[PDB]
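In what follows, every chain begins at residue 1, and chains take the letters A, B, ... in the order their sequences are listed.
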Amino acid sequence: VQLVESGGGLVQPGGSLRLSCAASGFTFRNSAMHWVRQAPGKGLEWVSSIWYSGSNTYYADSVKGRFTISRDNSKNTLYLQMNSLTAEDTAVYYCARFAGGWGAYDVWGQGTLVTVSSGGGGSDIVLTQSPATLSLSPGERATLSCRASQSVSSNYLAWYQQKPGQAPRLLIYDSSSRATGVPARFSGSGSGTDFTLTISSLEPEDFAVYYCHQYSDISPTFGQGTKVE
Amino acid sequence: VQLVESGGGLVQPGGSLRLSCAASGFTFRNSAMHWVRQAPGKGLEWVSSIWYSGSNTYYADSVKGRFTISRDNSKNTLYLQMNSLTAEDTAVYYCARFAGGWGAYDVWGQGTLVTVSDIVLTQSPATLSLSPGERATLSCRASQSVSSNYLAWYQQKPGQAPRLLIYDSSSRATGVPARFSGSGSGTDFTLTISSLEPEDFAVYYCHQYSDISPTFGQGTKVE
Amino acid sequence: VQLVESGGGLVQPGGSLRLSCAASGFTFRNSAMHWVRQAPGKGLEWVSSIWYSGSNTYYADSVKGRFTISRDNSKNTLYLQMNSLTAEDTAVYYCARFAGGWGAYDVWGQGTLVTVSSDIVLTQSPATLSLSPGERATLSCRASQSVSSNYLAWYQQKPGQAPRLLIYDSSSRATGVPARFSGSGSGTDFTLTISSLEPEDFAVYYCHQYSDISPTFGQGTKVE
Amino acid sequence: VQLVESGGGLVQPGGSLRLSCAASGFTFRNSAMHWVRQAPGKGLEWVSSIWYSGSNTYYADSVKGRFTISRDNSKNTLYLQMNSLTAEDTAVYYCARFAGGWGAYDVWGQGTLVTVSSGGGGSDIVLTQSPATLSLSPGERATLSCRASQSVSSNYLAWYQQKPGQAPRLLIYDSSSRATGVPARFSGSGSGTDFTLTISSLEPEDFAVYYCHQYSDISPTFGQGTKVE
Amino acid sequence: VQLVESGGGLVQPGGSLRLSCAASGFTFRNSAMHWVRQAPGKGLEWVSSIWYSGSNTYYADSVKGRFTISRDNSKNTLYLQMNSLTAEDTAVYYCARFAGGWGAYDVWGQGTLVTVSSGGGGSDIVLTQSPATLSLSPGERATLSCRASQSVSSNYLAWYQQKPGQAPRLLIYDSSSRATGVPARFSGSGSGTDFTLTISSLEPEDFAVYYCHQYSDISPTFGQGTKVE
Amino acid sequence: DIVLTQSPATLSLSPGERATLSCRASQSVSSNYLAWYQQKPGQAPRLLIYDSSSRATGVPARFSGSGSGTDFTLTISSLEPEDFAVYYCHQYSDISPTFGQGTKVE
Amino acid sequence: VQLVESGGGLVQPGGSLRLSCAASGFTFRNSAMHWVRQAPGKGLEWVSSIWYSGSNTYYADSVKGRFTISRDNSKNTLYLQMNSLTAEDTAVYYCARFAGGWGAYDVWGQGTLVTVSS
């Protein structure tokens, strides 16, 4: 009683890949077969399902319209055709026999890693903002930090304010240059890998989420935001 | 059916005051009489109780040893002697007849106020959640200007005495790592911990010593 | 440069205790010595001060009239006499040397805990209700333990005036109370309902248990 | 039913203190009374027990010979006399009525803090050794670190070697001076707050525990040791 | 150049002992002499110090008030009088000559073991609680385990709740009996060596430390606690 | 099997006098688990002393128990008219409970 | 806190009889319950004992194999089934709560007379 999986690998975004799973030890023609995936460092996520040819194949919203599950009962083989791949599809994909009330997912393939990427061995510039949250009162000072994993060339770092339901608004660019119409109580500083946004005296209209942003290369990245409450 | 209160007023700490409550309209000889107080802008708090003879008088520990409840049934009057008063005894004191299953505190006196009697420091934020390596920026804002910039910062770890970090607003104490730094003047002072270590997670207090009545901020927890 | 503290402990209210702090490593004869205390879960608070003599001694209003600070320079010892203690004096007391412009409180004693101390907690909900005339006010009183005999009462208090009985024995409407007030519940969960609010009904409402020797009140619900 | 405690406080090592517990609301003279303590940030620990006349008083092994439990049924009071106190006796002490199969410790005193200390602390220079353990082979290099919390004046820092069951052996003193008879493969270096002991090529006799030691003030301190196995 | 130690041994808590160290091969009258101790499986710890005519003896805070260092230069002997001994004094004690900048502790005694015990090897029933910490939300169930090294006769096991700064509260006794005033959401079960405390639906006031406790013999023991946060 | 022997079998006394009753066990009574009971004509026994020396709740102070091992004594300091009855000692130190044969105070 | 006893009476030798004891005011389910008897003009005599589930029930030699002690914790009731009765069983029988170190027989039933005669 075994499922022998094959396929996967590293592919470009928008590319195509086909996974296969060869069964033995049970009457494959009668069994419902599913695909399950697991993103790196994440939990299990159902992908697709196929049953007898009098039923309908099912897909998760994540893959419906791009992936095709199929089976060839004469070869006891399950297939997953993966088209129009995106970096969000990066995961280990498992084939599994579904037994419902008689065993749930009782037989699993060993899993194959599918990574969808166009990048090299280097990483993008990662921005880490701290703290995640600041609870303050009007009149008080807010000091926000943005630290980069690599030095930001030319100090090409910007700060944005975003209020609920609204688009982000530019506050600071080039690390220290205050945008047009921005009150003087906003000020940025720092260079290289250490940047700071300071709000000298908070007003009630300053309570929002603040993002830092580096534009020193072709791969723009944002910080994850600091919420000022 | 009435309770007429008298007494109270403004008193020095450690002083003494007596309260009285004169009853009419019911058989005061038999009634259980209680005292209840209410601090300014607070809830009701029971103080003391007295009943018939052959019964125990009761006090709350806030007042046990300093207050004396008594009654003279021949004058239909209830008394409360309050000695060694402290600023936390400031409250409005009510006399009340206790009827238990027949009305609880169904009759109240009108109540009398007993009151026994600088630069405020406000720190921000109240709480900071950070990781090692990150920067902590602490604020201290005084209600008036701190002359000579006589403002200090202390670190306190749980269960231990406070520890001097910075005084004179910017002067870092002997043996304090350089990652601690203070700034500001007048009414806005700031303590910055440039790169946190796990032993730096503690409560931090600012402190002004520029006058006769030294005051502290209420502390910021860095967790 | 040490300060060796001793004393403290658990005592009954109105009792007495003495704290001492023995100094070494500096010219204690010349040093300004202070006492500082910290209640559980509270901030640092100055208590008293003593100087050269020259001795205009200083106290906080919380302790002035009951506490006595003193010093014996021949033994390098600081003293704090605590009389007529109250539950609000419960705190950890620190001795400290005051260096002013040359170190503020640069040396601290280890601190000693003084506890003056020795029931049924009432929790009201919600803390606040904003309503209009004609609307329904529903008040809850949740007890930490069962209230025997349903000995729970409700009082209404308007600003600056004494409380007034609305309901006692959980369900008994007091004399003169309009029928729009109603109480219910048993054991640990009690409710006061004001069916259709009047403009004079906007006040603070307290629940009250009198089923034992230690009567307690809820913390109040403000109806505005 | 109540237990009113009193006593406690701050005491010096070797000192004495008596704790008392006044009972009300039950037949105290018949009840078994215990003392229980709890060190700061630690769990509950039974200390002593006393019962009717004709029964044995019992003590924990840590306090047997130093503590004395007693009772005065005429005052409904329980006592604990604590002699030969040491910093390990620092705890909150509770009196408690023991009901056994009828409620275990069903009534507790409020607890009183007993702190035994001589004034610490403190100004002591803290030495931190790293790593705690090094697993190496003969011929390899051992590099040991000692970090001081404050600057070690005159670089008065020493290194000792200790093998199991033997006294420590001086290796290095004055930070860099190799003691007489110590092989040249041992060498110390560093200054201020950063010191290092290097064993250039390990021999089979070099596998032991190594301690650093500062003697630059009146309060000598040691590191907690690095084991080279 | 020798230091000959003598003394030590096994003593009961509260007892007394005197250690001696006889020097030869150097001008003992000029040397500063220290005592150093080492608890079993622990690091080195300085104890006391003594020097010349102007007797300026120093002690560690742990022993100040209980130990007395002295010297008799006419017999070239160092002494350590140890009073008010406790199990925390159990250690190997070394005498050592202090040479400061000319050798630190360059000469050590061989060490003598001092053990302070009243006969404690352990017939006591050990209770192990698991897990040490539980992070849950209001409304969820908390299941706490208490395991005994030996069978708990008559199921004399109790459960206590302790909030910070307050005395413990009896929750459960006789393994399954709910104490007076305890809400029905608390329940205990189990027998012999396997016991469980269950909080069916957590309330915000139920977040506290919980201890199990066996009273089936004359050496009562507690579990080490489970924190529900 | 622990035999309890009370003495004397009969005590003739007046109000105000002292009653001293003795119970001797054939073996040592473990933990001093010995109790005293008072029984009046036609009534159930009523506990006076347990654990050799513990006076039960509601029992007047004039009753007091003492002793250990094999020799136990119940003392009634000042006999009242209501104290004249039969008194039994009782050991519960093992799984085989035994009683004394009683001492009648008359 | 009381024990309400019932049963007894006059029955012929070799007959059978059941005694009952209804408890209130304490956690009966956890208490050890004993039966004690007293022959006319004689002293107290232990008869039987019962404890928690998992413990041994005990009988005096004079009743072993004929008497049966039992309990119904749901009804807080103690029973004594007395079979094969003989003139030697004539006595007043008491139910009692056994508190051990915390009060020995601190609660007694009022007793019921069982007489065996023809």
- Between E:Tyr156 and E:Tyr215, does the ring centroid distance fall short of 6.0 Å?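 Ring-ring flag for E:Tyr156/E:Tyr215: true, centres closer than 6.0 Å.
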- Query: Hey, do the aromatic rings of D:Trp108 and E:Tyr160 have their centres closer than 6.0 Å?
  - Reply: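 Centroid separation for D:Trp108 and E:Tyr160: below 6.0 Å.
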- Using 4.0 Å as the upper bound for N to carboxylate O, is an ion pair formed by D:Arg66 and D:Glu88?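 Yes, this pair counts.
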- Query: Which of residues 165-173 of chain D have a heavy atom under 4.5 Å from any heavy atom of chain E?
  - Reply: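 Contacts with chain E: D:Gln166, D:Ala167, D:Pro168, D:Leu170, D:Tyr173.
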- Task: Decide whether E:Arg147 and E:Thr128 meet the rule of one side-chain donor and one side-chain acceptor closer than 3.5 Å.
- Result: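 Per modelled atom types, E:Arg147 and E:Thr128 side chains form no pair under 3.5 Å.
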- Tell me yes or no: between the side chains of E:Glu5 and E:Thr112, is some donor less than 3.5 Å from an acceptor?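 The answer is no; no qualifying pair exists.
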Looking only at heavy atoms and a cut-off of under 4.5 Å, which of [options] has the most pairs with chain E?
options	answer
D:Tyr105, D:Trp46, D:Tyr94	D:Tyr105
D:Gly121, D:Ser62, D:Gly103, D:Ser49	D:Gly103
D:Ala60, D:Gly223, D:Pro164, D:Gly100	D:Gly100
D:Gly65, D:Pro220, D:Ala158, D:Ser154	D:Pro220
D:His34, D:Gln224, D:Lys42, D:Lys64	D:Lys64

Which answer fits [X], side chain, backbone, both or neither, if we ask what part of it has an atom under 4.5 Å from a heavy atom of chain D?
X	result
E:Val36	side chain
E:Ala87	neither
E:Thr86	side chain
E:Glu45	backbone

Pick one of side chain, backbone, both or neither for [X], based on which atoms fall under 4.5 Å of a heavy atom in chain E.
X	value
D:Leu85	backbone
D:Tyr58	side chain
D:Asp106	both
D:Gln12	neither

- Between the side chain of E:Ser118 and the main-chain N/O of D:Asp61, is any donor-acceptor distance below 3.5 Å?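 Yes; judged by distance alone, with no hydrogens or angles, the pair exists.
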- Do the side chain of E:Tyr59 and the main chain of E:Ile69 share a donor and acceptor less than 3.5 angstrom apart?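 Yes, E:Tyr59 side chain to E:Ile69 backbone: donor-acceptor pair under 3.5 Å.
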- Message: Quick check on E:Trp51: does its CH2 atom have over 12 non-hydrogen neighbours (other residues, nucleotides or ligands) under 6.0 Å away?
- Response: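 At most 12 heavy atoms, drawn from other residues, nucleotides or ligands, come within 6.0 Å of this atom.
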- Message: How about CD on E:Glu205, more than 12 heavy atoms from neighbouring residues, nucleotides or ligands closer than 6.0 Å, or not?
- Response: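 Check passes, neighbour count above 12.
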Side chains of [X] and [Y]: does their closest heavy-atom pair fall under 4.5 Å?
X	Y	result
E:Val182	E:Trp159	no
D:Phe26	D:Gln2	no
E:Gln81	E:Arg18	yes

- Query: In terms of heavy-atom pairs under 4.5 Å, which option from E:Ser216, E:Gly14, E:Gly101 contacts chain D the most?
  - Reply: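 Looking at each option in turn, the highest pair count goes to E:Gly101.
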- Task: Mind checking ring pair (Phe, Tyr, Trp, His ring centres under 6.0 Å) for E:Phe186 and listing every partner two or more places apart, or none if nothing turns up?
- Result: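 E:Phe186 satisfies ring pair (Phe, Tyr, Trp, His ring centres under 6.0 Å) with no residue once adjacent residues are dropped.
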